[PDB]
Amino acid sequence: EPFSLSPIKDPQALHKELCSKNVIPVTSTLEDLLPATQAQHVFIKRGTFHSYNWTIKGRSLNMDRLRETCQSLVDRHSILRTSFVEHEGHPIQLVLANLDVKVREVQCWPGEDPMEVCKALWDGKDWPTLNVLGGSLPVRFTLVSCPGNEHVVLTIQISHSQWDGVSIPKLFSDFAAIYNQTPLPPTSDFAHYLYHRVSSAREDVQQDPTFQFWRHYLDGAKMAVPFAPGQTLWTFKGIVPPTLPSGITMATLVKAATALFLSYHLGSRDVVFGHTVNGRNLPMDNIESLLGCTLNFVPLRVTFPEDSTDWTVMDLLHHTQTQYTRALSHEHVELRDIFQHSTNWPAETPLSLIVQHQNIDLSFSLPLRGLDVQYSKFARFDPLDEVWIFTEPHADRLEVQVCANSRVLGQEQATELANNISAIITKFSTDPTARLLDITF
């Protein structure tokens, strides 16, 4: 029920106070006001900002319905109508209604490439002036036309606190839908997800199944704490896709490689690092389809036996995977809650390393009809104190991607990390029965 989780005492006072400052349309009505998730704050603090671009060539294109769809798409999904301000220190998200979407449009000189115009607006003003926490609505649309409207670029701009890998194909789905004027099953929105989390919590916080699970799961764990800390480095390594042992997910293989690597350099038989879970394992409907950012970043814990036990790669793989699936029904809570209620660590403890495998959709489609549609994007992402390892399963390649600021992880160290991890994954694939101690890297 609307406003039941607002930290602000009079929400709509804050609303028109923004309307007055010309931040948000004065025609807009304040629907709800909830706090932002820790994961949301994570992305906003890192300037995670996206422009999904579609190059539409063909004789059909209805520019006016293209414009309609943008209004409609935004009407459907409350999160696309969300504005972020930070009053007191942690962010709140204000949801908007009665809000009509205006599209930025560009008619190019003859011969002027539309994508280049987009790139220019992007680097020129779009992202260098970005100030999501200021309240300006982050979702916004651009339409760049060749002289005759038969070569056009459509770009959606969005903050990662508003989408995830699970639901972003749904944004392109529901968009291509509305243009083709095709039925859509009603959807939930992201605020309803937040509500649904609060209810399935408990009266007593240490009576909660979930904060009881985490306390049991992290009993005796120690997190390694990096040393003293520039620019953002992306370091890549591609390999042959691993041949998975039966029962073993690709993300399991990846997360176990990381554990092995950490155990070796940390000289520890018990390691804890962060990984990304999709956060959609709640008993609610449309949770498969509702648009928003349900991703969470939670401890993955991997514990190795004493050397006498003489474990193999397969032991490690099976252990590592249940150390993930054990958490499925508990993976939706705030990280700070897990640390506050279930551990002795400061509630504001960061994850220093986050492994994120996307067994999600790497390819995107915007199927519009009477039309050649290409996909492409621009993206900003700028890590703080932490190191990211992203893995993507392509046809030709599994791609390991390390992302960290160079003040944290220099190119040589970033290169070695990507290489070493990739090599471990390959060895795991090769002889899944190898003794762990016969492993070199």
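Residue positions are given as counts along the sequence shown, with the first one as 1.
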- According to the PDB entry, how many deposited residues between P229 and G230 are absent from the model (none, 1 to 3, 4 to 9, 10 or more)? 10 or more
- Task: Could you bin the unmodelled part of the deposited chain lying between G370 and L371 as none, 1 to 3, 4 to 9, or 10 or more?
- Result: 10 or more
- Item | Stretch exceeding the other in mean C-alpha B-factor - 258-266, 336-344 | 336-344
- Task: Select between 86-94 and 73-81 the stretch whose C-alpha atoms have the higher average B-factor in the entry.
- Result: 86-94
- Among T322, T303, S363, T276, highest Cα B-factor in the entry goes to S363
- Item | Options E116, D219, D126, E288 - largest CA temperature factor per the record | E288
- Task: Sorting the chain's modelled residues by C-alpha B-factor, tell me whether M223 ends up in the lowest, middle or highest third.
- Result: lowest
- Message: For the chain shown, is the CA B-factor of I56 in the lowest, middle or highest third of its modelled residues?
- Response: middle
- Message: Quick check on the deposited entry: does the C-alpha B-factor of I421 sit in the lowest, middle or highest third of its chain?
- Response: lowest
- Sorting the chain's CA B-factors, does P169 end up in the lowest, middle or highest third? middle
- Quick one: classify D315 as lowest, middle or highest third of the chain based on its Cα B-factor. lowest
